[PDB]
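**Q** A single structure is presented below for examination.
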Amino acid sequence: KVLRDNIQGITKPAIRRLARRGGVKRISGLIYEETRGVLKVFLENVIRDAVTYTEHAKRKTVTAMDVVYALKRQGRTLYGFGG
Amino acid sequence: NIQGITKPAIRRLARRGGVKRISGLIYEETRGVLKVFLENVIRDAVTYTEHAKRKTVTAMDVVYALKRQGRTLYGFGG
Amino acid sequence: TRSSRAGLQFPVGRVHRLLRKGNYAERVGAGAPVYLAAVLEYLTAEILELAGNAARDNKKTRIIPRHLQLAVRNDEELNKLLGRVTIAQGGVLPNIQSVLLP
Amino acid sequence: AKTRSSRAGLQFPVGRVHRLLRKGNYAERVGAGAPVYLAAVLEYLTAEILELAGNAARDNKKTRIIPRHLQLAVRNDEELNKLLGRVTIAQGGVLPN
Amino acid sequence: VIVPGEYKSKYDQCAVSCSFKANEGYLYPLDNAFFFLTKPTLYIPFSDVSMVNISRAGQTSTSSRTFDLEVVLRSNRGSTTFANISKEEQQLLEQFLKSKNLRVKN
Amino acid sequence: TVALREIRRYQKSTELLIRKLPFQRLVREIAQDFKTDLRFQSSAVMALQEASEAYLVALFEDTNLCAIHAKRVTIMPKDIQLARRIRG
Amino acid sequence: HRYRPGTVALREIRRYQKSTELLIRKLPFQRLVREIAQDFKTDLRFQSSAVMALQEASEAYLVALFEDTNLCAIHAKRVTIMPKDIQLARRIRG
Amino acid sequence: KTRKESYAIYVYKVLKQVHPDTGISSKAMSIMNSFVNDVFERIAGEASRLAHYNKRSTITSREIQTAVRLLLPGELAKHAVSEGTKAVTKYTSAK
Amino acid sequence: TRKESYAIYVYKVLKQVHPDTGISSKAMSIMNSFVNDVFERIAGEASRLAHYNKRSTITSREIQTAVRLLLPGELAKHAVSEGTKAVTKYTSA
Amino acid sequence: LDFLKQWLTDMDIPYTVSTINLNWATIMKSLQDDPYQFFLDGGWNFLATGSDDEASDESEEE
């Protein structure tokens with residue numbers, strides 16, 4: 001149907017815990033929305049490539065294989081899912 | 001050798017980059033960076049030649065090496 | 001001839017042979033060289049038109065690498081397609097930071 | 001002996017790796033010398049990562065190796081960090097700093 | 001009583017969302033004031049409104065919630081800047097603003 | 001002071017900080033634009049989430065480094081765009 | 001007239017941004033490259049076009065790195081670039 | 001000398017088809033030939049990868065279509081798929 | 001269904017390098033994808049090198065130079081030594 | 001690390017090696033409030049971990 005504010009589903013504490021895993025000490029307020037946007041752009045890039053692989057595959061499901069293959073095109077290969 | 005890449009030339013590079021004022025340690029540090037990057041490219045180039053069984057560093061091999069590094073170059077090779 | 005049949009400039013038969021030779025597959029489709037030649041010709045058209053416009057701006061009738069670099073970097077799309085690539089003798093777009101100015 | 005992996009003495013499958021190179025269309029015909037050497041390279045690399053992962057596991061005191069150990073070894077070892085810098089290991093985490 | 005306005009925003013919506021004090025809230029136009037919700041609920045009456053201005057950058061991302069609108073109230077010497085406005089929202093707001101005959105500085 | 005710990009606790013853990021189901025809904029939301037009736041694999045959703053997690057972690061590392069250059073212990077958004085542009 | 005500090009530098013910024021010429025001198029750089037390549041295979045010869053390719057690749061790398069260095073300095077609220085800026089830029093580049 | 005093949009004749013033809021007056025220097029032509037070869041190599045690599053991924057030997061037009069949809073930023077990709085589908089239809093019509 | 005897995009051999013390598021150590025299925029998948037990735041990297045480099053030097057067949061020489069290029073320094077040295085030993089034992093047999 | 005251990009043994013100061021983290025602030029406040037409350041709640045052995053979590057896997061064979 002239709003979904004909204006799902007990028008807002010990324011929570012302020014989630015962003016702060018991410019920044020702290022990444023080493024940040026004090027976090028300005030404006031960081032959260034822009035990190036949400038950065039995550040968003042990265043996700044349309046990955047999902048576009050994955051869905052394109054699937055449309056080639058004549059398949060209605062986006063396999064983790066196609067996900068990995070999209071990440072490999074992006075140059076940020078991940079190990080552990082599919083093969 | 002690396003000192004041949006001298007202060008006026010480093011200033012010219014930085015002015016192409018955009019830099020207005022330049023600190024003095026910039027010249028030495030940039031010389032070091034140039035040393036490092038040149039090593040990285042040349043190792044792949046000469047390895048390509050040893051495969052090729054040639055004794056000269058061909059520009060085509062240079063383009064292939066820069067392609068492997070990802071800093072691709074166009075024009076000086078096919 | 002097949003290039004005339006497909007109404008294209010870039011060579012369909014050459015692309016077919018070179019795809020066969022490249023070992024891209026055991027088999028190479030009939031419309032594959034047609035389709036690929038069309039795509040390559042379109043890319044050459046795009047780059048050449050943009051470079052020609054830049055050349056007219058720079059008051060020239062032959063396209064030098066500076067025109068190619070200017071076209072690629074100024075065009076937002078082509079900058080992404082050729083971002084890692086560096087063009088020989090192309091140079092850098094004139095961009096100067098605000099704080100530097102008097 | 002009878003099997004090619006045994007005639008070499010390699011653990012990873014020489015015959016299968018030959019089949020993969022032949023099917024991948026990496027060349028018109030792959031030579032017989034190539035797959036043995038390649039299987040040797042994969043053996044050495046997997047051995048290196050597995051030794052480092054087990055060493056990290058022994059520091060952690062856990063007998064099993066987990067992707068935290070796998071990522072910890074990769075990031076910490078400079079050399080293999082250059083080999084797999086672009087890679088991300090799933091559920092690896094980040095090193096202390 | 002105050003009745004909600006019949007002025008339709010983007011996608012038939014009745015308000016426009018934007019960030020404030022590190023918080024996202026809505027703007028509702030009305031006959032005699034703007035009402036900004038919900039923390040802190042702010043009233044901007046048109047009579048007190050001195051002037052408004054628009055600030056914009058040049059980039060491909062300008063189409064996605066970028067334009068900004070700065071209003072000044074002279075009675076309190078209060079300046080408030082309204083960030084995160086897109087092309088369509090800015091156009092609809094400006095259309096409302098000419099129709100209401102408010103002084104748009106530029 | 002608990003802020004300073006709060007760096008060092010989550011650094012060890014392998015947990016995925018972003019909650020699972022809002023990420024699933026986000027991923028399907030983005031999917032709808034390019035194609036609908038798309039039935040993602042759960043493995044595919046986790047694969048997306050892990051890569052996003054790592055990318056943001058590296059971004060915040062570069063951000064804090066920018067701040068330390070600036071003599072600012074607080075990350076500001078200028079750090080975000082600076083890291084993004086230098087990374088290219 | 002005695003130019004105030006910085007104006008001539010800005011002029012050169014415009015000048016060499018306009019130009020499309022090699023800013024490092026050919027024989028010094030060729031000597032440098034040959035000195036690096038002594039280690040990997042001694043007595044190695046170079047195709048001259050290959051040397052030109054190494055040179056312009058290095059020019060592009062150093063130009064982009066100085067751009068990043070200047071961005072780091074402007075972020076640091078300092079007009080003059082410092083080595084600090086170069087380390088920061090390369091560390092972000094990774 | 002050896003017979004060395006370059007795409008310069010076709011680049012030069014297209015340059016007339018789009019801008020008849022303008023010519024191309026030999027160095028810029030080398031750059032353009034490198035660009036054509038690189039674009040073809042990237043597209044062919046992706047198309048072969050797709051065929052291998054999906055267990056399809058033949059590189060049919062669909063594979064390269066996906067390759068163009070993927071490699072290019074989309075706003076060229078839409079065009080590029082369009083002319084290519086047109087071309088395959090034309091070649092099917094002709095014999 | 002048959003699944004093409006290096007896991008069966010990777011487990012043997014794991015026990016030889018470290019007898020008592022065990023492996024999670026998750027780490028085992030990490031290794032399987034690792035071997036696939038490195039194999040594709042080296043094989044692709046060898047294919048490009050065969051085309052570049054116009055050779056129509058990949059051989060041990062192509063693979064060892066591909067190792068020299070892709071691996072960094074120390075792993076490149078040890079890998080080429082182990083690999084040349086391996087083709088040496090295979091040929092001597 | 002070995003040099004630090006030898007030096008501390010020479011000074012005759014017992015040392016602890018661990019990986020866990022708590023505040024220094026709350027421990028300082030509580031121990032000014034009562035110097036012996038932390039010895040009552042177990043002394044410096046609390047840093048040693050006895051039960052954090054359990055992790056395992058089903059199997060790995062083929």
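Quick note on naming: the chains in the structure tokens go A, B, ... in the order shown, residues restart at 1 in each chain, and ligands are numbered from 1 in order of appearance.
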Counting only C-alpha atoms, which residues of chain C come no farther than 8 Å from chain H, as a count of residues only?

**A** 43

**Q** Pick out the residues sitting within 9 Å of residue 29 of chain B, and hand them over as a ChimeraX atom specification; count only C-alpha atoms, and ignore anything fewer than 4 positions along from it in its own chain.

**A** /B:25,33-34 /G:83,86

**Q** Considering only C-alpha atoms, give me a table of residues in chain D that are at most 8 Å from chain C, with the closest atom pair and distance in Å for each, as JSON lines.

**A**
```
{"residue": "D:25", "atom": "CA", "partner": "C:23", "partner_atom": "CA", "distance": 5.5}
{"residue": "D:26", "atom": "CA", "partner": "C:23", "partner_atom": "CA", "distance": 6.8}
{"residue": "D:27", "atom": "CA", "partner": "C:23", "partner_atom": "CA", "distance": 6.3}
{"residue": "D:28", "atom": "CA", "partner": "C:23", "partner_atom": "CA", "distance": 6.6}
```

**Q** Give me the residues near segment 60-74 of chain G as a PDB file with C-alpha atoms, in the first residue's frame, where near means some atom within 7 Å (using only C-alpha atoms) and where sequence neighbours in that chain fewer than 4 positions away do not count.

**A**
```pdb
ATOM      1  CA  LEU B  13      50.349  22.272  -7.833  1.00  0.00           C
ATOM      2  CA  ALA B  14      48.687  23.723  -4.744  1.00  0.00           C
ATOM      3  CA  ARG B  16      46.030  24.555  -9.286  1.00  0.00           C
ATOM      4  CA  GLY B  17      44.270  22.867  -6.382  1.00  0.00           C
ATOM      5  CA  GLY B  18      43.058  26.221  -5.057  1.00  0.00           C
ATOM      6  CA  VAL B  19      45.377  26.851  -2.115  1.00  0.00           C
TER       7      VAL B  19
ATOM      8  CA  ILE F  86      36.596  13.825   0.469  1.00  0.00           C
TER       9      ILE F  86
ATOM     10  CA  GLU G  56      49.847  13.080 -15.468  1.00  0.00           C
ATOM     11  CA  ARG G  78      42.471  28.489   8.636  1.00  0.00           C
ATOM     12  CA  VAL G  79      43.284  29.803   5.172  1.00  0.00           C
ATOM     13  CA  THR G  80      46.849  28.465   5.185  1.00  0.00           C
ATOM     14  CA  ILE G  81      47.084  24.726   4.623  1.00  0.00           C
ATOM     15  CA  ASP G  85      45.275  18.947   6.590  1.00  0.00           C
ATOM     16  CA  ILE G  86      47.119  16.506   4.329  1.00  0.00           C
ATOM     17  CA  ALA G  89      42.519  14.264   3.816  1.00  0.00           C
TER      18      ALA G  89
END
```

**Q** Any idea what's packed within 9 Å of segment 57-60 of chain F, counting only C-alpha atoms, ignoring anything in its chain fewer than 5 positions away? Could you give it as JSON, numbers by chain?

**A** {"A": [18, 19, 20, 21, 22, 23, 24], "D": [94], "F": [52, 65, 75, 79, 80, 83, 84]}

**Q** Using only C-alpha atoms, which chain C residues lie at most 12 Å away from chain F, written as a ChimeraX atom specification?

**A** /C:79-80,83-84

**Q** Could you work out which residues of chain B fall inside 9 Å of chain H? Count only C-alpha atoms, and format the result as an mmCIF file with N, CA, C and O atoms, in the first residue's frame.

**A**
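Below you can see selection.cif, which holds the result:
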```
data_model
loop_
_atom_site.group_PDB
_atom_site.id
_atom_site.type_symbol
_atom_site.label_atom_id
_atom_site.label_comp_id
_atom_site.auth_asym_id
_atom_site.auth_seq_id
_atom_site.Cartn_x
_atom_site.Cartn_y
_atom_site.Cartn_z
ATOM 1 N N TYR B 74 43.134 8.002 -19.315
ATOM 2 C CA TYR B 74 42.667 7.887 -20.690
ATOM 3 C C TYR B 74 43.604 8.681 -21.593
ATOM 4 O O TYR B 74 44.083 9.750 -21.200
ATOM 5 N N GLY B 75 43.864 8.163 -22.798
ATOM 6 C CA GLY B 75 44.542 8.901 -23.846
ATOM 7 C C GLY B 75 45.946 8.433 -24.175
ATOM 8 O O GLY B 75 46.268 8.283 -25.359
ATOM 9 N N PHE B 76 46.790 8.211 -23.172
ATOM 10 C CA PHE B 76 48.134 7.699 -23.408
ATOM 11 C C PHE B 76 48.180 6.185 -23.565
ATOM 12 O O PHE B 76 49.268 5.605 -23.488
ATOM 13 N N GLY B 77 47.044 5.526 -23.776
ATOM 14 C CA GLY B 77 47.060 4.125 -24.153
ATOM 15 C C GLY B 77 45.773 3.763 -24.857
ATOM 16 O O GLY B 77 44.766 4.472 -24.770
ATOM 17 N N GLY B 78 45.814 2.636 -25.561
ATOM 18 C CA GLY B 78 44.646 2.145 -26.266
ATOM 19 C C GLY B 78 43.557 1.673 -25.325
ATOM 20 O O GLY B 78 43.797 1.437 -24.141
#
```

**Q** Considering only C-alpha atoms, extract the chain A residues located within 12 Å of chain E and return them as a PDB file with C-alpha atoms, in the first residue's frame.

**A**
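Output saved as selection.pdb:
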```pdb
ATOM      1  CA  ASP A   5       8.279   8.186   8.009  1.00  0.00           C
ATOM      2  CA  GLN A   8      12.247   8.505  10.622  1.00  0.00           C
ATOM      3  CA  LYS A  12      17.815   9.453  17.456  1.00  0.00           C
ATOM      4  CA  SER A  28      25.251  17.952  17.551  1.00  0.00           C
ATOM      5  CA  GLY A  29      21.504  17.898  17.005  1.00  0.00           C
ATOM      6  CA  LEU A  30      21.598  18.450  13.244  1.00  0.00           C
ATOM      7  CA  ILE A  31      23.508  15.183  12.684  1.00  0.00           C
ATOM      8  CA  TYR A  32      20.448  12.934  12.818  1.00  0.00           C
ATOM      9  CA  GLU A  33      18.433  14.073   9.789  1.00  0.00           C
ATOM     10  CA  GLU A  34      21.469  14.201   7.500  1.00  0.00           C
ATOM     11  CA  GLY A  37      19.420  11.112   4.308  1.00  0.00           C
ATOM     12  CA  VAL A  41      20.635   7.578  -0.722  1.00  0.00           C
TER      13      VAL A  41
END
```

**Q** Pick out the residues sitting within 10 Å of residue 25 of chain E, and hand them over as a ChimeraX atom specification; count only C-alpha atoms, and ignore anything fewer than 5 positions along from it in its own chain.

**A** /E:15-20,36-41

**Q** Keeping N, CA, C and O atoms for every residue in the selection just given, could you write it to a file as a PDB file, in the first residue's frame?

**A**
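What follows is the written file result-v5.pdb:
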```
ATOM      1  N   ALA E  15      -1.219  20.995   5.417  1.00  0.00           N
ATOM      2  CA  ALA E  15      -0.112  21.602   6.150  1.00  0.00           C
ATOM      3  C   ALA E  15       1.196  21.200   5.479  1.00  0.00           C
ATOM      4  O   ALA E  15       1.210  20.422   4.522  1.00  0.00           O
ATOM      5  N   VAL E  16       2.302  21.751   5.987  1.00  0.00           N
ATOM      6  CA  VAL E  16       3.635  21.441   5.461  1.00  0.00           C
ATOM      7  C   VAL E  16       4.592  21.173   6.618  1.00  0.00           C
ATOM      8  O   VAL E  16       4.656  21.957   7.567  1.00  0.00           O
ATOM      9  N   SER E  17       5.360  20.089   6.524  1.00  0.00           N
ATOM     10  CA  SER E  17       6.248  19.670   7.605  1.00  0.00           C
ATOM     11  C   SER E  17       7.652  20.239   7.414  1.00  0.00           C
ATOM     12  O   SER E  17       8.124  20.393   6.285  1.00  0.00           O
ATOM     13  N   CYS E  18       8.313  20.548   8.530  1.00  0.00           N
ATOM     14  CA  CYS E  18       9.663  21.104   8.503  1.00  0.00           C
ATOM     15  C   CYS E  18      10.261  21.024   9.902  1.00  0.00           C
ATOM     16  O   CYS E  18       9.541  20.882  10.894  1.00  0.00           O
ATOM     17  N   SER E  19      11.586  21.141   9.969  1.00  0.00           N
ATOM     18  CA  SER E  19      12.331  20.930  11.208  1.00  0.00           C
ATOM     19  C   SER E  19      12.460  22.218  12.013  1.00  0.00           C
ATOM     20  O   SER E  19      12.568  23.312  11.450  1.00  0.00           O
ATOM     21  N   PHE E  20      12.451  22.075  13.339  1.00  0.00           N
ATOM     22  CA  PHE E  20      12.575  23.211  14.247  1.00  0.00           C
ATOM     23  C   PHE E  20      13.065  22.787  15.618  1.00  0.00           C
ATOM     24  O   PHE E  20      12.535  21.842  16.210  1.00  0.00           O
ATOM     25  N   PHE E  36       2.313  27.177  13.695  1.00  0.00           N
ATOM     26  CA  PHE E  36       3.360  26.168  13.645  1.00  0.00           C
ATOM     27  C   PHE E  36       3.204  25.245  14.844  1.00  0.00           C
ATOM     28  O   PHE E  36       3.203  25.706  15.990  1.00  0.00           O
ATOM     29  N   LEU E  37       3.075  23.951  14.573  1.00  0.00           N
ATOM     30  CA  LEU E  37       2.927  22.917  15.583  1.00  0.00           C
ATOM     31  C   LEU E  37       4.242  22.145  15.707  1.00  0.00           C
ATOM     32  O   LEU E  37       5.127  22.280  14.861  1.00  0.00           O
ATOM     33  N   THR E  38       4.393  21.330  16.761  1.00  0.00           N
ATOM     34  CA  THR E  38       3.549  21.237  17.965  1.00  0.00           C
ATOM     35  C   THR E  38       4.385  21.552  19.210  1.00  0.00           C
ATOM     36  O   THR E  38       3.827  21.817  20.276  1.00  0.00           O
ATOM     37  N   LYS E  39       5.712  21.509  19.075  1.00  0.00           N
ATOM     38  CA  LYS E  39       6.633  21.961  20.116  1.00  0.00           C
ATOM     39  C   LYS E  39       7.570  23.015  19.538  1.00  0.00           C
ATOM     40  O   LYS E  39       8.361  22.697  18.626  1.00  0.00           O
ATOM     41  N   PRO E  40       7.536  24.273  20.014  1.00  0.00           N
ATOM     42  CA  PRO E  40       6.510  24.999  20.771  1.00  0.00           C
ATOM     43  C   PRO E  40       5.439  25.499  19.817  1.00  0.00           C
ATOM     44  O   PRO E  40       5.786  25.914  18.712  1.00  0.00           O
ATOM     45  N   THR E  41       4.171  25.477  20.215  1.00  0.00           N
ATOM     46  CA  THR E  41       3.121  25.926  19.312  1.00  0.00           C
ATOM     47  C   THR E  41       3.251  27.435  19.134  1.00  0.00           C
ATOM     48  O   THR E  41       3.127  28.192  20.101  1.00  0.00           O
TER      49      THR E  41
END
```

**Q** Once you count only C-alpha atoms, which residues of chain I turn out to be within 10 Å of chain B? Could you give them as a list in words?

**A**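 For chain I, the answer reads residues 45, 48, 49, 50, 52, 53, 54, 61, 62, 64, 65, 66, 68, 69 and 70 of chain I.
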
**Q** Store the residues picked out above, limited to N, CA and C atoms, as a short mmCIF file (atom, residue, chain, number, x, y, z; two decimals), in the first residue's frame.

**A**
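Output file part21.cif is given in full below:
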```cif
data_model
loop_
_atom_site.label_atom_id
_atom_site.label_comp_id
_atom_site.auth_asym_id
_atom_site.auth_seq_id
_atom_site.Cartn_x
_atom_site.Cartn_y
_atom_site.Cartn_z
N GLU I 45 41.72 -11.66 -12.94
CA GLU I 45 43.00 -11.04 -13.24
C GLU I 45 43.78 -11.88 -14.25
N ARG I 48 42.18 -11.38 -17.75
CA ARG I 48 42.60 -10.11 -18.34
C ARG I 48 44.06 -10.17 -18.78
N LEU I 49 44.92 -10.81 -17.99
CA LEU I 49 46.33 -10.89 -18.37
C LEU I 49 46.53 -11.74 -19.61
N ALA I 50 45.78 -12.84 -19.73
CA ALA I 50 45.84 -13.65 -20.94
C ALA I 50 45.43 -12.83 -22.16
N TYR I 52 45.58 -9.54 -22.35
CA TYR I 52 46.50 -8.42 -22.51
C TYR I 52 47.76 -8.84 -23.24
N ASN I 53 48.30 -10.01 -22.89
CA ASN I 53 49.47 -10.54 -23.57
C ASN I 53 49.05 -11.39 -24.77
N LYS I 54 47.76 -11.45 -25.09
CA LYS I 54 47.20 -12.11 -26.26
C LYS I 54 47.25 -13.63 -26.12
N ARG I 61 51.82 -19.30 -14.71
CA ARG I 61 52.49 -18.00 -14.75
C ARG I 61 51.49 -16.86 -14.61
N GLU I 62 50.37 -16.94 -15.33
CA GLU I 62 49.32 -15.94 -15.19
C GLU I 62 48.79 -15.89 -13.77
N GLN I 64 50.28 -16.78 -10.95
CA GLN I 64 51.23 -16.26 -9.97
C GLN I 64 51.40 -14.76 -10.12
N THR I 65 51.39 -14.23 -11.35
CA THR I 65 51.45 -12.77 -11.46
C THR I 65 50.17 -12.14 -10.93
N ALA I 66 49.03 -12.80 -11.13
CA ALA I 66 47.78 -12.27 -10.59
C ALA I 66 47.84 -12.22 -9.08
N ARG I 68 50.65 -11.93 -7.41
CA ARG I 68 51.61 -10.86 -7.13
C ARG I 68 50.92 -9.51 -7.12
N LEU I 69 50.00 -9.30 -8.06
CA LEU I 69 49.31 -8.03 -8.17
C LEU I 69 48.28 -7.86 -7.06
N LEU I 70 47.36 -8.82 -6.92
CA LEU I 70 46.22 -8.63 -6.03
C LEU I 70 46.64 -8.68 -4.57
#
```
